[PDB]
Amino acid sequence: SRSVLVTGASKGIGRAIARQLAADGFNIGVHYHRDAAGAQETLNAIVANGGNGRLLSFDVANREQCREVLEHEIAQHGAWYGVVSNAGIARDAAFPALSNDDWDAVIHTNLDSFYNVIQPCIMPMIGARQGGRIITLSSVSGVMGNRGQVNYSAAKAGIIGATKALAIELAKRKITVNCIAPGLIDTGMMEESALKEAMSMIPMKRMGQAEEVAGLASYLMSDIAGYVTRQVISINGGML
Amino acid sequence: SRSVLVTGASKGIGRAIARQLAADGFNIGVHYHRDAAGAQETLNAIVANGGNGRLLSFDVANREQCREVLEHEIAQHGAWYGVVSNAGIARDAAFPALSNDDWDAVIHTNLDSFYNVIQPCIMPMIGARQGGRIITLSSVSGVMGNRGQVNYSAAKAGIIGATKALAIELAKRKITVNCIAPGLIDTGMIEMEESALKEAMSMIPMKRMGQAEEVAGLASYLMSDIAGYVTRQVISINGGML
Amino acid sequence: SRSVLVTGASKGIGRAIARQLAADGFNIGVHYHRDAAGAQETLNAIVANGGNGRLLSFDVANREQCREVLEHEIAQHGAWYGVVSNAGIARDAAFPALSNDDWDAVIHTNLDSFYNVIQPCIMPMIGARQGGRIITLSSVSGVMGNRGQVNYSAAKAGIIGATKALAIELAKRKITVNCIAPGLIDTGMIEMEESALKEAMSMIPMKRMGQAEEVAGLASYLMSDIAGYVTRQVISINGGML
Amino acid sequence: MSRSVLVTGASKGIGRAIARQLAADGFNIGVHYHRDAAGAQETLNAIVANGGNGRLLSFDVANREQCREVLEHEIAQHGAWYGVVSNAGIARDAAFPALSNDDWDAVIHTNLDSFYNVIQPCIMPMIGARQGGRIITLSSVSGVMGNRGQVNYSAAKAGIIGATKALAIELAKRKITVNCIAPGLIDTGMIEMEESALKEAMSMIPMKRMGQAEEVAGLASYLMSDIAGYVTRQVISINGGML
Ligand SMILES: NC(=O)c1ccc[n+]([C@@H]2O[C@H](COP(=O)([O-])OP(=O)(O)OC[C@H]3O[C@@H](n4cnc5c(N)ncnc54)[C@H](OP(=O)(O)O)[C@@H]3O)[C@@H](O)[C@H]2O)c1
Ligand SMILES: NC(=O)c1ccc[n+]([C@@H]2O[C@H](COP(=O)([O-])OP(=O)(O)OC[C@H]3O[C@@H](n4cnc5c(N)ncnc54)[C@H](OP(=O)(O)O)[C@@H]3O)[C@@H](O)[C@H]2O)c1
Ligand SMILES: NC(=O)c1ccc[n+]([C@@H]2O[C@H](COP(=O)([O-])OP(=O)(O)OC[C@H]3O[C@@H](n4cnc5c(N)ncnc54)[C@H](OP(=O)(O)O)[C@@H]3O)[C@@H](O)[C@H]2O)c1
Ligand SMILES: NC(=O)c1ccc[n+]([C@@H]2O[C@H](COP(=O)([O-])OP(=O)(O)OC[C@H]3O[C@@H](n4cnc5c(N)ncnc54)[C@H](OP(=O)(O)O)[C@@H]3O)[C@@H](O)[C@H]2O)c1
């Protein structure tokens with residue numbers, strides 16, 4: 001039984017990833033920040049479909065809380081086989097109007113979470129000797145940049161760099177490290193004007209669904225994907 | 001029943017792709033150039049595992065033959081749902097030593113095959129209105145270049161450009177078009193001394209070659225219904241080379 | 001002192017590159033295919049500004065003619081220090097409507113020219129021991145793909161792959177090999193209706209076409225002595241398109 | 001119009017070389033330093049001795065308030081910068097599981113937060129001056145491809161690339177270009193390697209040598225020039241063919 005931590009599994013892409021990986025047979029750490037009810041709904045659906053998992057909670061910007069909860073989880077249940085670092089936020093504004101909090105909240109939550117969430121999981125993953133899987137969530141904005149989102153583009157591009165560097169370090173230990181960069185996905189995470197501009201750049205002329213992102217995570221998590229590492233794979237309807 | 005043409009299915013990556021997609025439930029056009037016995041072995045294994053397929057043959061450098069065989073196949077059996085353009089060759093030498101035939105054979109076979117194989121399949125795929133899948137095989141040398149292979153790097157990079165452009169054209173028709181760029185994969189194509197193999201391994205963080213089956217797993221994902229929003233991509237399966 | 005061959009120097013980007021590099025002090029091989037008058041105009045402007053150069057001609061799709069002319073030029077004048085492989089064409093159509101000639105003319109002219117033009121220049125460039133510069137012209141379509149241009153995207157992406165591979169081979173010999181990928185540049189190559197131009201502009205953050213002279217400024221940088229550590233790169237000059 | 005260019009980390013290495021080259025090109029240089037005042041003065045002395053102009057200034061790029069205060073004062077006193085070269089950076093290497101809190105935070109705060117801290121105060125004035133402008137950031141090959149033992153540095157430097165691209169799109173209509181230079185291995189004080197480690201690094205560089213600071217400065221000079229007005233949103237790598 002291999003366990004997979006999915007951050008932000010209370011809704012959207014994280015929920016869809018949690019459901020799919022549970023169906024694949026992984027035991028899921030259904031993580032949430034504040035939306036306990038949403039996480040329980042995710043878990044209920046996992047269980048009702050014959051899968052297994054459990055709830056856990058932490059703020060990915062809170063380093064100490066991440067370390068404490070994760071060390072406790074690992075002591076009680078053993079090392080994670082997989083870690084899907086999905087939780088993220090956006091705080092959009094034109095660059096010259098971006099507040100201190102807009103910048104810091106996005107960098108601290110989206111980028112520092114790489115260190116806060118993943119670092120406590122690594123030595124135990126290595127210690128278990130089953131190999132492993134690390135999957136991060138970036139964004140097309142991290143690959144190409146996006147107007148009104150200098151902070152988000154920075155954080156999400158930073159995730160890509162972290163992911164690539166860690167891939168090289170862990171390659172000999174049979175742990176793959178990859179990044180999924182979704183384009184525009186239909187979730188709770190913008191104006192009609194902005195949506196139109198986004199659509200015009202999407203050859204498929206539609207948003208992706210959370211379940212489609214989950215299908216890619218399912219592939220990367222599978223045993224047959226063991227030679228895929230250090231990659232950013234974009235699921236974006238042909239945007240780039 | 002959706003059919004998938006797999007070029008170069010008589011050995012190596014093409015064989016592995018053929019087997020995997022057959023197991024996924026696709027009816028396979030098991031293509032070969034000259035290795036009929038190899039293609040039959042691929043098909044026998046497909047059938048023995050409860051799948052379906054048929055043999056067909058053409059030179060991917062021979063435009064007229066490709067059109068003739070493919071039009072006949074489509075008239076007799078209906079449009080392909082998927083096309084995996086896998087057939088390829090290498091003719092390595094230092095750039096100043098590369099012969100006319102070294103350059104032309106690699107460009108004509110690897111790059112012109114995009115047009116020769118894929119063009120006859122497109123209007124029928126559109127006409128069938130089931131959407132579709134096009135998967136091309138490039139290489140890490142097409143992404144980053146490789147010494148002693150200016151011809152192969154050129155052809156393989158050209159496949160990437162063709163793939164991306166066609167992706168944009170076919171997006172509204174629910175046909176995805178993607179490229180797989182393997183790194184070093186353990187097949188009959190690769191013939192290296194121990195010294196050369198060590199040099200190659202030093203650039204691969206995983207310190208091993210890929211297996212044909214691993215490349216087939218990625219083709220299987222791209223072929224699946226859940227991958228309908230993935231298009232215009234080059235996905236590299238290379239043990240972390242880049 | 002140091003000579004630079006600029007293919008397609010009779011108009012557009014090649015002319016602008018020829019003029020700029022001549023102003024930088026390079027002796028220019030002002031190449032043309034059929035537009036002798038245009039090449040002479042380029043040369044007259046070079047000379048009038050205190051620079052030097054000479055006319056030469058060949059079809060970059062004609063391998064034998066390229067070798068013959070270039071071997072003669074090199075025997076008579078010595079090795080080129082730089083080669084700017086700029087000549088190119090487009091033959092646009094939707095992929096299923098692309099004729100045999102549309103595909104072949106674009107691949108043969110744009111991609112085979114890498115081999116036909118550059119190969120005869122390499123051993124002499126090495127033999128001269130002055131180091132060197134090779135600059136190819138690709139396109140944003142070669143980086144990202146472009147609808148209605150599967151052939152051009154393929155050829156231009158192939159140029160990138162060739163360029164990267166040759167860069168690795170020549171690095172120890174102090175010859176840099178790089179690719180310039182312009183976006184939309186205001187030359188005779190571009191023929192768009194007002195409607196099509198607006199669609200193109202909407203994807204360009206700078207909301208204007210580039211000028212040939214801007215592309216020439218980048219070539220001037222890559223040709224300069226201070227750029228000796230830049231190799232294996234595709235540099236895009238495209239107003240922020242990507 | 002004498003055009004001024006701020007060069008962070010101009011007291012040594014790449015920043016010094018950029019400062020010298022852009023001064024020779026005719027730009028008035030803000031020769032920035034953090035703690036190495038003597039080094040910055042030597043950069044400025046060489047600028048002046050060669051017939052150029054510039055002035056010293058100082059701030060910690062991790063200190064947001066100090067950056068805003070100094071830069072607003074500089075802009076009030078001398079007018080808007082035409083160019084900003086965000087060059088200052090550090091490395092704090094260790095294997096990912098051994099990386100300390102300070103190793104991670106110092107690299108992210110200094111290398112990535114500096115984009116916001118240094119560049120934001122310069123933008124509205126640059127726009128207000130109506131001369132267009134140039135923003136050049138310094139990333140690294142490790143930001144493009146990742147590098148073992150540097151998950152923090154790779155993250156920060158890749159983050160700079162993303163910030164650079166996004167800002168390029170915002171400022172394109174205002175004739176301010178925004179680009180990133182990603183050097184490979186450059187011979188400065190930042191690099192401290194044993195002979196063994198140097199050999200391993202060289203094996204990945206087709207040119208089999210380190211770059212020189214002056215070479216990086218040549219690329220900055222091109223991007224700063226008027227003829228480079230259509231080049232924006234790019235990461236240009238100067239790395240001897242590494243990638
Ligand atoms: N949607 C898109 O179009 C899109 C595009 C590109 C990339 N992405 C990336 O994909 C990931 C998920 O996106 P999504 O649209 O599914 O997000 P979403 O629906 O907005 O959900 C965000 C999730 O992250 C959690 N979260 C937010 N702040 C947190 C914090 N400080 N600590 C811990 N968890 C926190 C939330 O938990 P609670 O509800 O419990 O607070 C929630 O489950 C993000 O990294 C995002 O940047 C999304
Ligand atoms: N192996 C690697 O390391 C590697 C790495 C990156 C990319 N690739 C690419 O992956 C693809 C498959 O490679 P592989 O190693 O599986 O090759 P392989 O084992 O050598 O198989 C080559 C296949 O291509 C077919 N073929 C060759 N010339 C042909 C022609 N003119 N017309 C039609 N078919 C032709 C062959 O048919 P017959 O045997 O019937 O003659 C054979 O089935 C190629 O495109 C290759 O460039 C391979
Ligand atoms: N304009 C753009 O927006 C744009 C964008 C991206 C890339 N590019 C690339 O930039 C390069 C130059 O483009 P341009 O816009 O300056 O084109 P142009 O104005 O159409 O000039 C084309 C040049 O190519 C030469 N040429 C054409 N066919 C040839 C052949 N078979 N053999 C030898 N020479 C041949 C022509 O010679 P004659 O005049 O003697 O016939 C001419 O000098 C091309 O490689 C093109 O693909 C252009
Ligand atoms: N050298 C390489 O191989 C290489 C490769 C890729 C990228 N880079 C990048 O190139 C840039 C310059 O590198 P370099 O090798 O020239 O570095 P260097 O010789 O270490 O010089 C570093 C400069 O950064 C300044 N600095 C450091 N921390 C600072 C802070 N908190 N606030 C303000 N300024 C600070 C220093 O100021 P004081 O001296 O006054 O303290 C110094 O002038 C960096 O961003 C680096 O990451 C270097």
# chains A, B, ... in the order shown; residues from 1 in each chain; ligands from 1
call {"tool": "interface_residues", "arguments": {"of": "chain D", "to": "chain B", "cutoff": "9 Å", "atoms": "only C-alpha atoms", "output": "number ranges by chain"}}
result
D: 145, 204, 243
call {"tool": "write_last_selection", "arguments": {"atoms": "N, CA and C atoms", "output": "PDB file, in the first residue's frame"}}
result
ATOM      1  N   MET D 145      17.641  25.003 -16.256  1.00  0.00           N
ATOM      2  CA  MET D 145      17.685  23.534 -16.286  1.00  0.00           C
ATOM      3  C   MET D 145      17.670  22.874 -14.905  1.00  0.00           C
ATOM      4  N   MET D 204      30.743  19.542 -19.025  1.00  0.00           N
ATOM      5  CA  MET D 204      29.411  19.888 -19.536  1.00  0.00           C
ATOM      6  C   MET D 204      29.396  21.147 -20.408  1.00  0.00           C
ATOM      7  N   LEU D 243      23.739  24.556 -22.810  1.00  0.00           N
ATOM      8  CA  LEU D 243      22.335  24.249 -23.099  1.00  0.00           C
ATOM      9  C   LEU D 243      21.715  25.369 -23.964  1.00  0.00           C
TER      10      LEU D 243
END
call {"tool": "residues_around", "arguments": {"residues": "residue 210 in chain B", "least_positions_apart": "6", "cutoff": "10 Å", "atoms": "only C-alpha atoms", "output": "NGL selection string"}}
result
(:A and (226-228)) or (:B and (182-187 or 237-239))
call {"tool": "interface_residues", "arguments": {"of": "chain B", "to": "chain A", "cutoff": "10 Å", "atoms": "only C-alpha atoms", "output": "JSON, numbers by chain"}}
result
{"B": [164, 167, 168, 169, 170, 171, 172, 173, 174, 175, 176, 177, 178, 182, 183, 204, 205, 206, 207, 208, 209, 210, 211, 213, 214, 215, 216, 217, 218, 220, 221, 222, 224, 225, 226, 227, 228, 229, 230, 231, 232, 233, 234, 235, 236, 237, 238, 239, 240, 241, 242]}
call {"tool": "interface_residues", "arguments": {"of": "chain D", "to": "chain A", "cutoff": "6 Å", "atoms": "only C-alpha atoms", "output": "number ranges by chain"}}
result
D: 97, 120, 143, 146-148, 151, 154-156, 158-159, 162-163, 165-166, 169-170
call {"tool": "write_last_selection", "arguments": {"atoms": "C-alpha atoms", "output": "mmCIF file, in the first residue's frame"}}
result
data_model
loop_
_atom_site.group_PDB
_atom_site.id
_atom_site.type_symbol
_atom_site.label_atom_id
_atom_site.label_comp_id
_atom_site.auth_asym_id
_atom_site.auth_seq_id
_atom_site.Cartn_x
_atom_site.Cartn_y
_atom_site.Cartn_z
ATOM 1 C CA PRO D 97 17.337 17.560 2.601
ATOM 2 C CA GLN D 120 8.889 48.210 -8.575
ATOM 3 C CA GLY D 143 17.315 28.588 -13.276
ATOM 4 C CA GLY D 146 18.060 23.064 -12.506
ATOM 5 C CA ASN D 147 21.319 22.184 -10.758
ATOM 6 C CA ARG D 148 22.012 19.579 -8.065
ATOM 7 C CA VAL D 151 17.337 23.657 -5.298
ATOM 8 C CA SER D 154 17.506 27.138 -9.162
ATOM 9 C CA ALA D 155 14.105 28.111 -7.715
ATOM 10 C CA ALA D 156 15.006 31.769 -7.199
ATOM 11 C CA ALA D 158 13.803 30.383 -12.399
ATOM 12 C CA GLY D 159 11.414 32.675 -10.512
ATOM 13 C CA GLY D 162 8.920 34.101 -14.784
ATOM 14 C CA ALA D 163 8.788 37.607 -13.277
ATOM 15 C CA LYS D 165 8.483 37.462 -18.793
ATOM 16 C CA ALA D 166 5.343 38.672 -17.074
ATOM 17 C CA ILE D 169 4.122 41.758 -21.407
ATOM 18 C CA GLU D 170 2.872 44.550 -19.102
#
call {"tool": "residues_near_ligand", "arguments": {"ligand": "ligand 3", "cutoff": "6 Å", "atoms": "only C-alpha atoms and all ligand atoms", "output": "PDB file with N, CA, C and O atoms, in the first residue's frame"}}
result
ATOM      1  N   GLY C   8      20.716  35.474 -49.440  1.00  0.00           N
ATOM      2  CA  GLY C   8      19.524  36.290 -49.577  1.00  0.00           C
ATOM      3  C   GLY C   8      19.749  37.743 -49.202  1.00  0.00           C
ATOM      4  O   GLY C   8      18.888  38.350 -48.566  1.00  0.00           O
ATOM      5  N   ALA C   9      20.858  38.321 -49.682  1.00  0.00           N
ATOM      6  CA  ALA C   9      21.224  39.705 -49.379  1.00  0.00           C
ATOM      7  C   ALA C   9      20.700  40.729 -50.385  1.00  0.00           C
ATOM      8  O   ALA C   9      20.991  41.932 -50.277  1.00  0.00           O
ATOM      9  N   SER C  10      19.894  40.280 -51.332  1.00  0.00           N
ATOM     10  CA  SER C  10      19.294  41.153 -52.354  1.00  0.00           C
ATOM     11  C   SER C  10      18.066  41.946 -51.867  1.00  0.00           C
ATOM     12  O   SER C  10      17.635  42.896 -52.537  1.00  0.00           O
ATOM     13  N   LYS C  11      17.509  41.555 -50.718  1.00  0.00           N
ATOM     14  CA  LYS C  11      16.350  42.251 -50.133  1.00  0.00           C
ATOM     15  C   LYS C  11      16.165  41.905 -48.643  1.00  0.00           C
ATOM     16  O   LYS C  11      16.835  41.032 -48.105  1.00  0.00           O
ATOM     17  N   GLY C  12      15.240  42.610 -48.001  1.00  0.00           N
ATOM     18  CA  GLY C  12      14.708  42.210 -46.718  1.00  0.00           C
ATOM     19  C   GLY C  12      15.778  42.092 -45.637  1.00  0.00           C
ATOM     20  O   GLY C  12      16.662  42.934 -45.518  1.00  0.00           O
ATOM     21  N   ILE C  13      15.662  41.048 -44.847  1.00  0.00           N
ATOM     22  CA  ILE C  13      16.530  40.847 -43.693  1.00  0.00           C
ATOM     23  C   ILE C  13      17.966  40.637 -44.132  1.00  0.00           C
ATOM     24  O   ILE C  13      18.888  41.188 -43.525  1.00  0.00           O
ATOM     25  N   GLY C  14      18.170  39.875 -45.214  1.00  0.00           N
ATOM     26  CA  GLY C  14      19.543  39.631 -45.698  1.00  0.00           C
ATOM     27  C   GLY C  14      20.254  40.919 -46.105  1.00  0.00           C
ATOM     28  O   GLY C  14      21.430  41.126 -45.779  1.00  0.00           O
ATOM     29  N   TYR C  32      22.725  36.401 -53.917  1.00  0.00           N
ATOM     30  CA  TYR C  32      21.358  36.460 -54.405  1.00  0.00           C
ATOM     31  C   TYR C  32      21.047  35.185 -55.182  1.00  0.00           C
ATOM     32  O   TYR C  32      21.955  34.455 -55.586  1.00  0.00           O
ATOM     33  N   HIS C  33      19.768  34.925 -55.392  1.00  0.00           N
ATOM     34  CA  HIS C  33      19.342  33.786 -56.195  1.00  0.00           C
ATOM     35  C   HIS C  33      19.117  34.277 -57.616  1.00  0.00           C
ATOM     36  O   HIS C  33      19.876  33.941 -58.513  1.00  0.00           O
ATOM     37  N   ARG C  34      18.092  35.095 -57.805  1.00  0.00           N
ATOM     38  CA  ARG C  34      17.730  35.621 -59.127  1.00  0.00           C
ATOM     39  C   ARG C  34      17.741  37.147 -59.195  1.00  0.00           C
ATOM     40  O   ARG C  34      17.821  37.692 -60.280  1.00  0.00           O
ATOM     41  N   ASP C  35      17.668  37.838 -58.059  1.00  0.00           N
ATOM     42  CA  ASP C  35      17.519  39.299 -58.060  1.00  0.00           C
ATOM     43  C   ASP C  35      18.889  40.002 -58.055  1.00  0.00           C
ATOM     44  O   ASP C  35      19.332  40.546 -57.042  1.00  0.00           O
ATOM     45  N   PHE C  58      23.781  31.674 -56.172  1.00  0.00           N
ATOM     46  CA  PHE C  58      23.455  30.259 -56.275  1.00  0.00           C
ATOM     47  C   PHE C  58      22.072  29.979 -55.703  1.00  0.00           C
ATOM     48  O   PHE C  58      21.545  30.769 -54.916  1.00  0.00           O
ATOM     49  N   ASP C  59      21.491  28.860 -56.144  1.00  0.00           N
ATOM     50  CA  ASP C  59      20.225  28.337 -55.649  1.00  0.00           C
ATOM     51  C   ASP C  59      20.552  27.452 -54.456  1.00  0.00           C
ATOM     52  O   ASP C  59      21.231  26.434 -54.609  1.00  0.00           O
ATOM     53  N   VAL C  60      20.097  27.836 -53.260  1.00  0.00           N
ATOM     54  CA  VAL C  60      20.465  27.099 -52.033  1.00  0.00           C
ATOM     55  C   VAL C  60      19.867  25.706 -52.000  1.00  0.00           C
ATOM     56  O   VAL C  60      20.275  24.876 -51.186  1.00  0.00           O
ATOM     57  N   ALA C  61      18.890  25.453 -52.867  1.00  0.00           N
ATOM     58  CA  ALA C  61      18.321  24.112 -53.026  1.00  0.00           C
ATOM     59  C   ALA C  61      19.153  23.248 -53.973  1.00  0.00           C
ATOM     60  O   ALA C  61      18.897  22.069 -54.099  1.00  0.00           O
ATOM     61  N   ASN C  86      20.585  32.977 -44.369  1.00  0.00           N
ATOM     62  CA  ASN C  86      19.376  33.764 -44.262  1.00  0.00           C
ATOM     63  C   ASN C  86      18.311  33.417 -45.310  1.00  0.00           C
ATOM     64  O   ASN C  86      17.114  33.514 -45.036  1.00  0.00           O
ATOM     65  N   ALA C  87      18.719  33.003 -46.507  1.00  0.00           N
ATOM     66  CA  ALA C  87      17.753  32.775 -47.583  1.00  0.00           C
ATOM     67  C   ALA C  87      16.645  31.829 -47.137  1.00  0.00           C
ATOM     68  O   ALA C  87      16.896  30.809 -46.498  1.00  0.00           O
ATOM     69  N   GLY C  88      15.409  32.184 -47.445  1.00  0.00           N
ATOM     70  CA  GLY C  88      14.281  31.305 -47.140  1.00  0.00           C
ATOM     71  C   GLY C  88      13.039  31.684 -47.909  1.00  0.00           C
ATOM     72  O   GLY C  88      12.931  32.808 -48.411  1.00  0.00           O
ATOM     73  N   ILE C  89      12.112  30.740 -48.005  1.00  0.00           N
ATOM     74  CA  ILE C  89      10.809  30.969 -48.629  1.00  0.00           C
ATOM     75  C   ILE C  89       9.689  30.359 -47.774  1.00  0.00           C
ATOM     76  O   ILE C  89       9.938  29.492 -46.914  1.00  0.00           O
ATOM     77  N   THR C 109      14.519  24.090 -49.743  1.00  0.00           N
ATOM     78  CA  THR C 109      15.133  25.387 -49.763  1.00  0.00           C
ATOM     79  C   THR C 109      15.560  25.811 -48.352  1.00  0.00           C
ATOM     80  O   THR C 109      16.696  26.230 -48.154  1.00  0.00           O
ATOM     81  N   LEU C 137      18.866  31.591 -39.843  1.00  0.00           N
ATOM     82  CA  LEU C 137      17.611  32.279 -39.665  1.00  0.00           C
ATOM     83  C   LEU C 137      16.521  31.247 -39.564  1.00  0.00           C
ATOM     84  O   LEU C 137      16.215  30.547 -40.546  1.00  0.00           O
ATOM     85  N   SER C 138      15.883  31.190 -38.395  1.00  0.00           N
ATOM     86  CA  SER C 138      14.687  30.382 -38.220  1.00  0.00           C
ATOM     87  C   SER C 138      13.501  31.344 -38.161  1.00  0.00           C
ATOM     88  O   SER C 138      13.474  32.331 -38.879  1.00  0.00           O
ATOM     89  N   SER C 139      12.569  31.095 -37.262  1.00  0.00           N
ATOM     90  CA  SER C 139      11.372  31.875 -37.157  1.00  0.00           C
ATOM     91  C   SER C 139      10.653  31.476 -35.889  1.00  0.00           C
ATOM     92  O   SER C 139      10.776  30.345 -35.426  1.00  0.00           O
ATOM     93  N   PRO C 182      13.219  35.463 -35.910  1.00  0.00           N
ATOM     94  CA  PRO C 182      12.398  36.669 -35.879  1.00  0.00           C
ATOM     95  C   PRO C 182      10.911  36.314 -35.766  1.00  0.00           C
ATOM     96  O   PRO C 182      10.493  35.230 -36.179  1.00  0.00           O
ATOM     97  N   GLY C 183      10.140  37.243 -35.227  1.00  0.00           N
ATOM     98  CA  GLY C 183       8.692  37.192 -35.299  1.00  0.00           C
ATOM     99  C   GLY C 183       8.266  37.788 -36.633  1.00  0.00           C
ATOM    100  O   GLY C 183       8.903  37.541 -37.646  1.00  0.00           O
ATOM    101  N   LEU C 184       7.277  38.662 -36.621  1.00  0.00           N
ATOM    102  CA  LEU C 184       6.786  39.266 -37.839  1.00  0.00           C
ATOM    103  C   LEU C 184       7.632  40.492 -38.199  1.00  0.00           C
ATOM    104  O   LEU C 184       7.654  41.473 -37.458  1.00  0.00           O
ATOM    105  N   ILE C 185       8.348  40.412 -39.325  1.00  0.00           N
ATOM    106  CA  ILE C 185       9.234  41.473 -39.790  1.00  0.00           C
ATOM    107  C   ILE C 185       8.700  42.075 -41.099  1.00  0.00           C
ATOM    108  O   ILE C 185       8.332  41.340 -42.016  1.00  0.00           O
ATOM    109  N   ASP C 186       8.714  43.406 -41.185  1.00  0.00           N
ATOM    110  CA  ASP C 186       8.184  44.130 -42.332  1.00  0.00           C
ATOM    111  C   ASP C 186       9.084  44.019 -43.584  1.00  0.00           C
ATOM    112  O   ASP C 186       9.951  44.850 -43.811  1.00  0.00           O
ATOM    113  N   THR C 187       8.882  42.974 -44.381  1.00  0.00           N
ATOM    114  CA  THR C 187       9.617  42.763 -45.635  1.00  0.00           C
ATOM    115  C   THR C 187       8.627  42.308 -46.716  1.00  0.00           C
ATOM    116  O   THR C 187       7.434  42.154 -46.460  1.00  0.00           O
ATOM    117  N   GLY C 188       9.140  42.074 -47.917  1.00  0.00           N
ATOM    118  CA  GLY C 188       8.340  41.548 -49.028  1.00  0.00           C
ATOM    119  C   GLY C 188       7.832  40.127 -48.823  1.00  0.00           C
ATOM    120  O   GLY C 188       6.936  39.698 -49.517  1.00  0.00           O
ATOM    121  N   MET C 189       8.398  39.390 -47.872  1.00  0.00           N
ATOM    122  CA  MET C 189       7.938  38.021 -47.624  1.00  0.00           C
ATOM    123  C   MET C 189       6.502  37.972 -47.086  1.00  0.00           C
ATOM    124  O   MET C 189       5.773  37.044 -47.369  1.00  0.00           O
ATOM    125  N   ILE C 190       6.140  38.973 -46.292  1.00  0.00           N
ATOM    126  CA  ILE C 190       4.851  39.059 -45.621  1.00  0.00           C
ATOM    127  C   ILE C 190       3.807  39.694 -46.529  1.00  0.00           C
ATOM    128  O   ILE C 190       3.964  40.847 -46.926  1.00  0.00           O
TER     129      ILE C 190
END
call {"tool": "residues_near_ligand", "arguments": {"ligand": "ligand 1", "cutoff": "8 Å", "atoms": "only C-alpha atoms and all ligand atoms", "output": "VMD selection string"}}
result
chain A and resid 7 to 15 31 to 36 38 to 39 57 to 62 85 to 90 109 to 110 137 to 141 152 156 181 to 189 207 to 208 210
